[PDB]
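Okay, here we've got a single chain as structure tokens, the form deposited in one PDB entry, with questions on binding and movement later.
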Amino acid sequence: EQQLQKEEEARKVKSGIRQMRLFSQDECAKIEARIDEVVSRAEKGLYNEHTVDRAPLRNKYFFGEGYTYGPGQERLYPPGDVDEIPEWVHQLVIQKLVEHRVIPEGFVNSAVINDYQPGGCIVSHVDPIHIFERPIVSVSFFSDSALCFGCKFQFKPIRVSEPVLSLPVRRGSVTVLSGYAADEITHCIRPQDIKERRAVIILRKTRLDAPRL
């Protein structure tokens, strides 16, 4: 069988991935406390309708900009519909990324927190190309996990038992997605890779021509 094709694809995906450990135990602890605060405030109904997206395995919290249901016709909510990026995100997360030249100042106009229960997951998807610019930066928080690329296995486990690549994502680590890894392949999380609670902050810039609702 041609498993050289799988090695070619994995190499192409590797080239769109950069990773650095940026946040110490203490820094992570402080951000985690704030994440916990977002969850509490969401339970209290303190956010706009489109800020919070509650689902069985995973909750998402949209700040700055957000979007609708996503076959692939995601739309951007009008200004004011989602809550603004909280100051602690600017101070504790974004600043540290700018200070380490991960992304430039003023790039980030969208912050999304994904909160996973054990056994939570993400189904195969590409980050909406018509909505977000690249690179796509994310920071992992409560525990360690794995990000998979080439997620055909979620649907055809007999034909292909495995992802093209699995990327470890440690607590306090920064993942940057671009090129092939962001545009040419899907990613996902396997339920089994989420043993304990895990949250992630995803920092992006929305496109200027992003279709609006």
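Only residues modelled in both forms are compared. Definition used throughout: the rigid core is the maximal C-alpha set that superposes within 1.5 Å between two forms. All residue numbers are counted from 1 along the displayed sequence.
Form deposited in another entry: not shown, discussed below.
Only one of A29, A146, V160, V39 has its C-alpha shifted by 2 Å or more between the shown form and the other one once the core is superposed, and that residue is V160. Inter-residue distance, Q154 to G16 (Cα): increased by at least 3 Å in that other deposited form versus the depicted form.
In summary, the C-alpha positions of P128 and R159 converge in that other deposited form, ending up at least 3 angstroms nearer each other than in this conformation. In a core-based superposition, a mobile segment is defined as at least three consecutive common residues whose CA atoms each shift by 2 Å or more; between the shown form and the other one, just one such segment exists, spanning 152-161.
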